[PDB]
Amino acid sequence: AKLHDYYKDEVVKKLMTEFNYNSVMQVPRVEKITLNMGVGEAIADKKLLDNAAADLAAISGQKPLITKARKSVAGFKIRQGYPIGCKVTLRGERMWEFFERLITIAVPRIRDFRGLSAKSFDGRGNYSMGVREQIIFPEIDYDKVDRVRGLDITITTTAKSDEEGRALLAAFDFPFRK
Amino acid sequence: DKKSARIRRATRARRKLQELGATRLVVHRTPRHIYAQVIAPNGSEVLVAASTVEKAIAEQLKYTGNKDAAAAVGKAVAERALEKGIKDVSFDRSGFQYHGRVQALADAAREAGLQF
Amino acid sequence: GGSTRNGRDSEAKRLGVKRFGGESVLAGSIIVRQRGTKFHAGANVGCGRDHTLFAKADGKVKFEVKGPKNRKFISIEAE
Amino acid sequence: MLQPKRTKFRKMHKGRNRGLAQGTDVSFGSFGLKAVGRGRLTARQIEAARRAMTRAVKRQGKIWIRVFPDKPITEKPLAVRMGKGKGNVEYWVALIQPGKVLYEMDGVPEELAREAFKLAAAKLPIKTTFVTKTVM
Amino acid sequence: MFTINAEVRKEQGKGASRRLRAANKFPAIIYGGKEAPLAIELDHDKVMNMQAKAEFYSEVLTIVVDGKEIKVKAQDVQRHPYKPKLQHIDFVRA
Amino acid sequence: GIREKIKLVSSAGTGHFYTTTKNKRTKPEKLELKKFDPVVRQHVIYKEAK
RNA sequence: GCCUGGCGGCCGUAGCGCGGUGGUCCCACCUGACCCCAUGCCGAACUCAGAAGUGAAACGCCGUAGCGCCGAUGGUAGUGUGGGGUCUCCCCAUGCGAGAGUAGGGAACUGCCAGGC
RNA sequence: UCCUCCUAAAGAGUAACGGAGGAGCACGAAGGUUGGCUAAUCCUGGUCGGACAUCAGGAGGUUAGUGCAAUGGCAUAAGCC
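Colleague: I tried to follow the overall build of chain F on my own but got confused; where do I start?
Modeller: In terms of regular secondary structure, chain F is built from zero helices and four strands. Secondary structure of chain F in N-to-C order comes out as β-β-β-β. Across the 50 residues that make up chain F, the buried fraction comes to 12%. Within chain F, contacts between residues separated by at least 24 positions form 37% of all contacts whose residues are at least 6 apart in sequence. Roughly 4,200 Å² of accessible area belongs to chain F as shown, and the carbon and sulfur atoms make up 50% of that amount. In chain F, 13 side chains carry a positive charge and 5 a negative one; their mean positions are 5 Å apart.

Pasting the structure below:
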């Protein structure tokens, strides 16, 4: 593990040179990465969610758990906390464990891209990267590609503005450009 | 908010402890210290005091908030209660679950005679 | 129609007013929900799952200003 | 537009006129119309006033209406006995008292506001009075 | 500066106020300035024709109250829904 | 109702029994529950229909 | 008497919103969770092991009195009780009298206990 | 027949084929409890793609929920686990 150690020394610890604070403890931090994988056309049975979560847990270090629904989804018979997908939310060391597998070894299904925008916005500085699939990691034999399954990513941080979060964006090796 | 979450874990217990009354024992946690006080049935007096801010014991600690220091305070509350003739006490878990430093104090005090 | 029915009684009863009781029991009201307007606080007790307060005491009722969660409550009289 | 909406009840008590009002002076504008009399003021009576006052200020300023109807008039069917529930709606109406201000203007000269509010001294169940902000 | 004469009243309420307004005066008060409130009667039209010129709310007034001078400021005035010659009036000490 | 009743017998060997309306139309797996037996004053399974 | 803490009384006229100040001793954040315990996964939480940093967030105290809240006095609304009216609210005599606004108040207090002074 | 508000007079019952709406069955669970937990709605942003539609962040708050219409307690949750 090297990328979280880079976050402990090389990221925002000199930010007082560019951003105004009353304490050096105000510099921005990463809180969580929620994640999402959609059940798609299996929504009306969804007993496969345990078997889909188990293969997200093949690139994540977390133990699988199943997403409960909110406000229902369409007319598919979704009621209260009905199990409907997977998040398997990342905190602490597990966030950068994943960002040392993502587009380092998990590569053979990526799309044509070269750099995501740094001047992007939400109002707090919480960045996102479009990937659509779990993009596959290579094994000694596979025999693993049939549908690959989905992936969505948006970070959550202590930042109060989009240019404060632009200094925290330094926390990753993913292609972002100024 | 943890100050607010603590009173959500405590109000229901206080709302049955008020139906017992009598001479009562309360505990105060914090992460760097621990304290306890015995309060009178009139609501106007304090009968026994002990803590890890007490100069006699603070010098004996490797850490002023430690579980062993909570048991050491518990054994002192029961000692002082015995010399002051205090019995049949009502215990308050003071917003904390009965396995942490709150129990380490109150159980050690009860095995030192202070029922509860 | 034309409005229909409009049911009988809708019974609701009120006892917790002035120096009520003084013999063996003091009372609140029958209003389907009650926890602070005519309720007990401190060492006083008299209410269960039915939300009608009936406290078992020879103390008369007493009224006083405020109590826990800024609710009004009712108290007992010493003699 | 000049009618109660997002309500849960459709019919109201016929009512008596006892309200004293606090709509007793021009609120945002400079010139207006005061009731200076008592009774019922209908949607029809204010339509007749709107049609009239518009002829003095044909292309001149915005006009504001300070009165609003809160009560519908209900009347029973003709070929039916007493009882069987409250009657069917006809028109919307407001109760009025002498102190109440009904209309406001601002984007015109004071002698053109008078030209419109003197024209309103007609077609109404009260003998209205023209009023203005003044200095005090 | 708008010298008006103020006599002190030891009557109060609806019956007295109606009996006052039926004459040449209407009810008024003076308060503030670390001194008690004072209930007075004032001229029912002189004050209306003065305050209508608005500088009454821009200047310190030369009132004569219980025979004597104190200087006062116009604070607030109470109007009647349809009777133009005032309902009640407030002053504060200067 | 159309959900029917089930009558279960005491595992204390008593003639006194227990009866309930437990619906099978969504949840068909059998009812086999503990209750207080009023003839021996014990907490026993009530089992097997009729 | 004050600084902080716990509690009993008191429970928001201790709420809303914007600052100052300080952590000495308090306190919270914060630090560790290879070894007790714990997580529908997650050291977030619970619990254990703590003093490297912050004084920001929060906290205590105080400041800003615009709002919520208290509140004179006068007046009005309403009406106990008598009497009257071209009239369904309106007048007289006598008792009562809001609510909202104005002056003034208001940004919790205080005893017991250990500790900072 | 049962059941609910307004009208209905600051003690209390209360008329009208007055203003207006429901029940006639379910639940071993939503029951017992120790502990733990805390919305709606509006907004910003979405994907291989949408007749419907993801999880976050921003605003907000006894506005969600309680087996069922209706109202009110409600986090000590009586809401769910």
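Colleague: Explain the protein's contact with RNA strand H to me, please; I cannot follow it from the model alone.
Modeller: Taken together, 54 residues surround RNA strand H, and among them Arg-8 of chain B, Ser-3 and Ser-10 of chain C, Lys-86 of chain D together with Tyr-18 of chain F come closest. Of what RNA strand H places within 4 Å of the protein, 67% of the atoms are sugar or phosphate. Here a sugar or linking oxygen of RNA strand H sits 2.8 Å away from a polar atom, N or O, in the side chain of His-13 of chain D. Those elements that provide at least two residues to the surface near RNA strand H are helix 1 (2-17) of chain B together with strand 2 (17-20) of chain F. It is helix 1 of chain B that contributes the most residues to the surface near RNA strand H, six residues altogether. Taken together, the residues of the surface near RNA strand H sort by class into eight nonpolar, 20 polar and 26 charged.

Colleague: Even after reading the chapter, I still don't get the arrangement of the chains, so can you show me in this structure?
Modeller: Highest in contacts among the two pairs of chains that touch are chains D and E. These two, chain C and chain D, are apart from each other, with no contact and a minimum C-alpha gap of 5 Å. Between chain A and chain E there is no contact, and the shortest C-alpha to C-alpha distance separating them is 45 Å.

Colleague: Explanation requested: the interface of chain D and chain E in the structure shown.
Modeller: Facing six residues of chain D, the contacting portion of chain E comprises eight residues. Summed over both partners, the interface of chain D with chain E buries about 570 Å², with 75% contributed by carbon and sulfur atoms. Counting across the interface, chain D meets chain E through zero salt bridges. The tally of links between chain D and chain E comes to zero residue pairs in polar contact.

Colleague: Mind showing me how you'd approach the packing of helix 3 (residues 67-83) of chain B against helix 4 (residues 101-111) of chain B here?
Modeller: All names here are of chain B. Across the interface, helix 3 lies against helix 4 with an axial gap of 7 Å and an inter-helix angle of 35°. Pair helix 3 / helix 4 crosses with right-handed handedness. Contacts between helix 3 and helix 4 involve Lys-67, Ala-70, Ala-71, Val-73, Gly-74, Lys-75 and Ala-78 from the former and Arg-101, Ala-104, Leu-105, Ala-108 and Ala-109 from the latter. When the residues that make up the contact of helix 3 with helix 4 are grouped by side-chain class, the tally is eight nonpolar, one polar and three charged.

Reading guide: rules and limits
- Residues numbered from 1 in each chain as written, not as in the entry; some residues may be left out.
- Chains lettered and ligands numbered in written order.
- Part of a larger assembly, values for the part shown.
- Heavy atoms only, no water.
- Helix = DSSP H or I, 4+ residues; strand = E, 2+ residues; numbered from the N terminus.
- Buried < 20%, exposed > 50% of the residue type's maximum accessible area, 1.4 Å probe, protein only.
- Contact = heavy atoms within 4.5 Å.
- Areas by Shrake-Rupley, 256 points an atom, 1.4 Å probe, with all protein chains shown as cover.
- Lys, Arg positive; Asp, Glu negative; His and termini not counted.
- Charge placed at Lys NZ, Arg CZ, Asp CG, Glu CD.
- Near = heavy atom within 4 Å.
- Polar contact = N/O pair within 3.5 Å; in protein donor to acceptor, adjacent residues only side chain to side chain.
- Nonpolar A, V, L, I, M, F, W, Y, C, P; charged D, E, K, R; others polar.
- Buried area = accessible area lost by both parts, 1.4 Å probe.
- Salt bridge = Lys/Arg side-chain N within 4 Å of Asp/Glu carboxyl O.
- Axes fitted to C-alpha atoms, helices over the stretch in contact; angles between N-to-C directions.
- Left-handed = near helix turned anticlockwise from the far one by under 90°.

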